[PDB]
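Colleague: missing the sequence, but the structure's below:
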Ligand code: CLA
Ligand code: CLA
Ligand code: CLA
Ligand code: CLA
Ligand code: CLA
Ligand code: CLA
Ligand code: CLA
Ligand code: CLA
Ligand SMILES: CCCCCCCCCCCCCCCC(=O)OC[C@H](COP(=O)(O)OC[C@@H](O)CO)OC(=O)CCCCCCCCCCCCCCC
Ligand SMILES: CC1=C(/C=C/C(C)=C\C=C\C(C)=C\C=C\C=C(C)\C=C/C=C(C)/C=C/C2=C(C)CCCC2(C)C)C(C)(C)CCC1
Ligand code: SF4
Ligand code: SF4
Ligand code: SF4
């Protein structure tokens, strides 16, 4: 039994500006003076690498706890900024009065160089830039009706940021916990499961029951936002809550008497989207938060902490052992308690996967009101969370490789799952590479074959609905099962979880909110393309992590480090052999996969879901059924999607969307500038810099800091950074301009 | 079959031999420096061209130069 | 039978029999739900098998309930088989946890 | 030498020597230890070196030398010998080839591959054109 | 414990896993036209070809460009025969460069030539048999 | 506690100087907009 | 051919088009309310800008074309801004060169380059207001151009 106690060191680090005037103080090599321009880049490259600074785990743990506080403060400042922008420079009240007619906007551009044109006529009196972040819908779902609440929330956010600033400084210069702290994974998990998530969802459920539910009910009943009672009135005067929800007449007595069924007025399970706003029923959302809170709270009492009751993660890990895995998960507990890189890899992979799942679930089941009708917001949110998820996944792979190169130990990883995997890494990577080849052929080859057939006039020999058909029978079957679930497998559910599986369509403000997303041959091919790209990117990352320590080409890659340029022009060439380079390649592949994924979502939504509905139910999509026969060929993807939909971003000049068009061009430049750093080497730039330095010497204007070219690894990093920035910015401007100009 | 050549500017610091991963270099007695030792490459057949020695050489201009010439199984670093 | 190289592997048909009987009995519990029609999934699955066997050439289409019964029955039966072999070899034969 | 020497307790792995090593060169490393240390095999994995004599086979000289480097660094083991075995069966002593580490100056070694003066005196490629001579050749 | 080195000797680039090596796996990999004891190269080639052409005809007849015409089976059979001829050409080239003059043991020029002849004859016969079955 | 030296470092001095330059340019552009051909 | 914009119909047409574009959006708003005043200021600025540009030369497209041949009549178009740019950038270059020359005289010039010496940096920045004159006398004294520098093989 180990005491889960708190031990801290007081005044461990002094608070002074002495170290601010000595850049590179955290590194022994960087504290001796630059001597070259490469030191400037190395200073920032190794600034947040706390593991390279010192060899003590305690110091790294403290440098992480702090700086986590700093990032939390940065997030709180950003949130406060969003709330203040909504309260001061946004048409939030006007939007509340007419959510469908008024375009959300919370940014006002200053009139200086003709940029005042960017202030679009979003309505509501004010003119500004239309925001697609969903801030307006979220605030409405939270019960915000006046800008005073937005101002108070902004002030509270600023205060929380100040608190997260003080906490970060206090936990590094006034009270720094010892390594025994931070190694209590059982206590940290129990608290995060029952306090950070469990109690958090419980509190949010309470807020929704007492604020979101009544305010939104009155809003959806035709009551003006100014005439709705204040949130505190619903708590003080129980008569109002009783009138809006008779369940409140019984009070909390039913909860304590197990007569939970009496809460059918506030805790419903309707299942579908609200026909008035198009979003999920707030009652179902509150009931969902209550259930997730109770489930997380119960889950938070699993591990053992300072008491006999509970579980030991190490015991559970070591208990799992089988014939095909000699030692099972033995030694993994010590791995996740002595290396922050391993924990960061697992957490980054899970956080990225969670973000991707969030994107899918948010578009399919619009949670906020009027979110579905605001297609710009829907496109931006799905695409945004999809991108952040992919970036976090690539980062997860990078940190896994980092741990493998630096924190790995043969004694700890002996005959366990990790060691057993490293033993047969060749089978893993060759079989996975074979899967990638098969997927690419059977996914992209289908598209290429269709291009060849259509060009030859042999349309009868294509992979389409009319010609050879490839129907996702399994996915279509799951959709049908979901369509029939509300009556045979969900007895208490009154409607399908998502109308995208089937049921009927929902229209709000003469606009389609969510209708069944039928899958055909085009969806079959695109889904296989998605799987192919995911397989190749995971192959690149897994290869980099498995061979991070050694390989048949370089027997001691670990000694060379995780981030090294190459072993030289030997053994035929060992360029981009380090794991860091594998992450560098995985970034491009993740970008390609994610770009294709967002492209499919955008086109499919604009051709089969998003659109207008005329009286009597007639439906007219933005691109009427063109995805069925145009998404099956690369030519169609270039003509009906990249060319047809780009007209909005190229013709945006002279209007409020001109900025997007400008960003559309700028991004291209950046994407084309990255090529400079990707198809070139530092030897040539060093020679060019030598000639330029001679020119400077001829005028006695040479700098003391010897100018040097970017390192090989730094050059690769700059190239990938510019490539991703340009590509994501181009598709960002294209998506936003296309969705704002139409729909 | 890469050609490794040692020049007279060698200071006998042994860093090239210490950084060579194929036992291609060694130290032999010499009288051109106070160290009394000079780098030698009597096993160039095992060299792969990684140039770790070139990187580990401290002289102004590398006293050890590796020229990539004939390619064989050893030089290609093929374990298959 | 040898699972790998010269190491023997204990195969017991009783494992399959016990897994099949246990899963059939567990799935034979009636449920007044429209998909199952007031009977266990085992009875419904067997009934669907007979119905589809009558029309041997034509197989079940996407809207046929047979697929749901098949997936659930196989999910549970395979789970009992896998967990059953784990329990028999790991504990009964001494292969260890 | 001593092909019957005991081998470290390893559980296989898929990174060991392939068929090419059977029909071609195959390196071997034989070292002695006093404690059953755990070392990372150059092929990927973890092994326990038998207390006493340890003998293992590899497909590359660099792999054996890297293993020797880690045995000398992670552990204070300096009596590591690397041999080469051909398909015919004749063994060849490769490392250290003289009982002394290469970076340790030792008598009896003849300088090989020496060029007079610095590289700045190398002849131009035009002066040795159409001839079996190189710039580094004096 | 089931995963062991292939030859019980570590440091080998292979592992004796369940499907990799097992009673059932060793029996199945063995006895095949190839790897079976007491089978001449021509017999192995004949069996392999008659087993390959049979399933090779299927794709061409079912999804060939002329799959909808009345000569879909004939066109597919001709396509399969052509593919078989190309494969036989590849086999013969491989035997010509990889193997030298020695005893006929499937690893010599004569052995691989006999194997290629058997493969071609078997593949053509199998394709013809499958075509006959489809027509009937 | 030498804050002056830190404020004198390359990033801080560069950002301050560029901020002042941009501010001067912007202020000149609103007081004297669409300036062309002097 | 080029004609003054004040006498070109294309220029007036463009001015009217811009005014119309602004007025179309201005009509939606109300006289005294947020916005509508924002568009009136833009219209006034458009009028002033076109009246200012009327002196420039433009062809058929009506876009003001700038003559850079060096004609005195068009000095304000390119000559004057060109000279002012050269003065500003020569000032920047000369102050930078002098600061580097001073830093090279310190104990650790690298530290000065990283952590700029605001006192001396400002001392050289404030000066140099006569950089064209300072460039000379440095050249005449031979303190500007160097004699021997770093050169690789095959000079
Ligand atoms: C962390 C989440 C959270 C938080 C902070 C709150 C916070 C609050 N809730 Mg609440 N609530 C939540 C979640 C949450 N809730 C959830 C998940 C549910 C289920 C969906 C409810 C359902 C609920 C109801 C129905 C009510 C509240 C009420 C309240 C407020 C007073 C509670 C109270 O003590 O009254 C105590 C009330 C009692 C009846 C005490 C029970 C025992 C008494 C002593 C019986 C003995 C008889 C006696 C004579 C009293 C007669 C009462 C009878 C006439 C009803 C309070 C600010 C109450 C309120 O103020 O409405 C605005 C209210 O009626 N909540
Ligand atoms: C799926 C059915 C099932 C389940 C859940 C179990 C579970 C268990 N068996 Mg058992 N067994 C089964 C079938 C099953 N058995 C059958 C059919 C046979 C006959 C051959 C046996 C014969 C057998 C023997 C001889 C022994 C066991 C023993 C055990 C226990 C040892 C640990 C273990 O096996 O792992 C599982 C441990 C758990 C705690 C369960 C965790 C489950 C996870 C969290 C979720 C599983 C979801 C699952 C896949 C859902 C499937 C779909 C569903 C519709 C069925 C364990 C609690 C041993 C024992 O008695 O304990 C000492 C032992 O001696 N079993
Ligand atoms: C129920 C108790 C509890 C709660 C609610 C939290 C909550 C949190 N912890 Mg934490 N932790 C706890 C107990 C708890 N912890 C214990 C007992 C240990 C030791 C075993 C740890 C050790 C620990 C570490 C090492 C780290 C965290 C981190 C975090 C943050 C994760 C980042 C995030 O998701 O943003 C969500 C943010 C919010 C929702 C804002 C809420 C913030 C308020 C102030 C609630 C937190 C209360 C705090 C735990 C205790 C107050 C102390 C009091 C003296 C003032 C989050 C705020 C990480 C972090 O970010 O570092 C700062 C991290 O590095 N925790
Ligand atoms: C919670 C997420 C998280 C965290 C905490 C870390 C933490 C860390 N990472 Mg990691 N990483 C992450 C996510 C994360 N990473 C993701 C998502 C990726 C994929 C992109 C990576 C890929 C990655 C690599 C390849 C490496 C690290 C490294 C490191 C370590 C040193 C970082 C450093 O000092 O560089 C300093 C940081 C900078 C100099 C900033 C670079 C700026 C880039 C270009 C982003 C620009 C964004 C911005 C929006 C651009 C537009 C604005 C522009 C116009 C100005 C450190 C412990 C390095 C390491 O382990 O050391 C060996 C390492 O090599 N990370
Ligand atoms: C968009 C693609 C692109 C661009 C813009 C450039 C641009 C350039 N290349 Mg180049 N190149 C490219 C692709 C590109 N290349 C590719 C694919 C290859 C094949 C590998 C090459 C290989 C190559 C070689 C071998 C060489 C060049 C050279 C040059 C420079 C030539 C001199 C010049 O015109 O300077 C003018 C500067 C510009 C055109 C850049 C515009 C100015 C920027 C935007 C201003 C500064 C940033 C600004 C403040 C905004 C950022 C703010 C910040 C907060 C983010 C120039 C900067 C030559 C060179 O070095 O010249 C001396 C050189 O020898 N390139
Ligand atoms: C890689 C994607 C792909 C796929 C799936 C297809 C598929 C097809 N193409 Mg096509 N094609 C492609 C790419 C592709 N093509 C590209 C990129 C081009 C442009 C160069 C073309 C140009 C093209 C033309 C001009 C034509 C076709 C035609 C056809 C059809 C008949 C082709 C045929 O008879 O092949 C023969 C196939 C085989 C001999 C064998 C296939 C492999 C077998 C089935 C794998 C079995 C493995 C097995 C499961 C392993 C385990 C077994 C073991 C354990 C026992 C067919 C549906 C024809 C048509 O009319 O369209 C309908 C036609 O005229 N294609
Ligand atoms: C950095 C260069 C710079 C320069 C050279 C100027 C110069 C000038 N500004 Mg200006 N300003 C700047 C930056 C600058 N500003 C910035 C970054 C902002 C914020 C976006 C402003 C906002 C601003 C406003 C609102 C006004 C001026 C005005 C003026 C003129 C008034 C006369 C004067 O001599 O005051 C010299 C002023 C300065 C040297 C700059 C001081 C700016 C301080 C911080 C005041 C701004 C307070 C702000 C509203 C709230 C807090 C800001 C925060 C940074 C602390 C003037 C010549 C006034 C004007 O239009 O004249 C009729 C006026 O109304 N400025
Ligand atoms: C003391 C500052 C300084 C001075 C006096 C010069 C002067 C000169 N440079 Mg140079 N340069 C500088 C900084 C400076 N440079 C920096 C920081 C860079 C890296 C971006 C370069 C990169 C550079 C290249 C690539 C080339 C020159 C070239 C030249 C020569 C021709 C003009 C030219 O092309 O300029 C070009 C100027 C730039 C590309 C950017 C200048 C950067 C900023 C805006 C100015 C420096 C500000 C400095 C920090 C001020 C210090 C003030 C001090 C009091 C604190 C000329 C003698 C050319 C040459 O080789 O000669 C024929 C040439 O090709 N420079
Ligand atoms: C066969 C029925 C499963 C349907 C296939 C999809 C299952 C999804 C899980 C993925 C892993 C595959 C399951 C076998 C794997 C499995 O569970 O085996 C069983 C075994 C686990 O049993 P142990 O006795 O080792 O248990 C002890 C430890 O697990 C302690 O928890 O796992 C292995 O040791 C081998 C791991 C992968 C072996 C290589 C297979 C790689 C192929 C991956 C592709 C899978 C098929 C793709 C879909 C068509
Ligand atoms: C993957 C898979 C599989 C597969 C299977 C198979 C594939 C089977 C079979 C089979 C086959 C693939 C067969 C074939 C065949 C053929 C035959 C049976 C034939 C024949 C005969 C004849 C009639 C002949 C004739 C001739 C002539 C005419 C002359 C020349 C020579 C010869 C002899 C050729 C399984 C189910 C396992 C599992 C799952 C899936
Ligand atoms: S210099 Fe560049 S190309 Fe050459 S070996 Fe190194 S990383 Fe590879
Ligand atoms: S190139 Fe590499 S292998 Fe060859 S001598 Fe130099 S260090 Fe040794
Ligand atoms: S070649 Fe270089 S590293 Fe080797 S001994 Fe001579 S000077 Fe030292």
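Modeller: It's in. Residues are numbered from 1 along each chain as shown, chains lettered A, B, ... in the order given. Ligands and ions are numbered 1, 2, ... in the order given.
Colleague: what about the residue of chain D found nearest chain C, which helix or strand?
Modeller: Closest contact between chain D and chain C, by C-beta to the nearest C-beta, is at residue D:12 (10.7 Å). In this view, the C-beta of every residue, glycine as well, is placed from N, C-alpha and C. Under DSSP states H and E, no helix or strand contains residue D:12.
Colleague: cool, residue B:39 as well?
Modeller: Using DSSP H and E, the element containing residue B:39 is strand B:37-40.
Colleague: partners of that strand in the sheet?
Modeller: strand B:26-29 (antiparallel) (DSSP bridges).
Colleague: what's in contact with the partner strand?
Modeller: Outside strand B:26-29, the residues that touch it by C-beta atoms under 8 Å, 6 or more residues apart in numbering or on different chains are B:12, B:14, B:17, B:36-43, D:102-107, D:109-111.
Colleague: ok so, going back, what about the residue of chain D closest to chain C, neighbour count?
Modeller: 26 (other C-beta atoms under 10 Å in any protein chain shown).
Colleague: next one: the one 5 residues further on
Modeller: For residue D:17, the count of nearby residues is 24 (other C-beta under 10 Å).
Colleague: touching ligand 12 at all, the strand holding residue B:39?
Modeller: No: judged by C-beta under 6 Å from any ligand atom, strand B:37-40 stays clear of ligand 12, getting no closer than 9.4 Å.
Colleague: do that strand and ligand 13 meet?
Modeller: Yes: against ligand 13, strand B:37-40 shows contacts by C-beta under 6 Å from any ligand atom at residue B:39.
Colleague: Pull the distance from that strand to the chain's centre.
Modeller: Relative to its parent chain, strand B:37-40 has a centroid offset of 9 Å by C-alpha atoms, centre = their mean, to the nearest Å.
Colleague: Okay, helices next: where are they in chain G?
Modeller: Secondary structure of chain G (DSSP state H): helices at G:9-28, G:37-53, G:80-103, G:109-114, G:118-126, G:131-135.
Colleague: Could you identify which of those is most buried?
Modeller: helix G:109-114 (a mean of 19; mean count of other C-beta atoms under 10 Å in any protein chain shown).
Colleague: For that helix, what is the distance to the chain centroid?
Modeller: 31 Å.
Colleague: Please work out how many residues are found near residue D:51.
Modeller: What residue D:51 shows, counting by other C-beta under 10 Å, is a neighbour count of 13.
Colleague: For it, give me its contacts.
Modeller: Neighbouring residues of residue D:51 by C-beta under 8 Å, 6+ apart: D:33, D:34, D:35, D:36.
Colleague: how about residue A:471, what does it touch?
Modeller: Counting by C-beta under 8 Å, 6+ apart, residue A:471 has contacts A:519, A:520, A:521, A:524.
Colleague: For it, give me phi and psi.
Modeller: In terms of degrees, to the nearest 10, the main-chain angles of residue A:471 are phi -90, psi 130.
Colleague: and it, how far is that from ligand 13?
Modeller: 68 Å (C-beta to the nearest ligand atom, to the nearest Å).
Colleague: The residue positioned nearest the centre of chain C sits in which helix or strand?
Modeller: Note on chain C: the residue nearest the mean C-alpha position is residue C:77, at 2.4 Å, using C-alpha atoms, centre = their mean. Using DSSP H and E, residue C:77 falls within helix C:66-87.
Colleague: can you tell if that helix touches ligand 2?
Modeller: Yes: interface with ligand 2: helix C:66-87 contributes C:75, C:76, C:79, C:80, C:83, C:84, C:86, C:87 (C-beta under 6 Å from any ligand atom).
Colleague: Buried residues of stretch D:5-22, list them for me.
Modeller: D:5, D:7-8, D:10-18, D:21 (16 or more other C-beta atoms under 10 Å in any protein chain shown).
Colleague: Next up, the contacts around residue 8.
Modeller: Just so you know, I chose chain A. Counted by C-beta under 8 Å, 6+ apart, residue A:8 has contacts A:175, A:176, A:177, A:178, A:181.
Colleague: Can you look at chain F instead?
Modeller: Counted by C-beta under 8 Å, 6+ apart, residue F:8 has contacts A:21, G:115, G:116, G:117, G:118.
Colleague: quick one: which of the residues you listed is nearest ligand 11?
Modeller: residue G:115 (33.9 Å; C-beta to the nearest ligand atom).
Colleague: Identify the bridge partners of that closest one.
Modeller: Beta-bridge partners, per DSSP bridges, of residue G:115: residue F:9.
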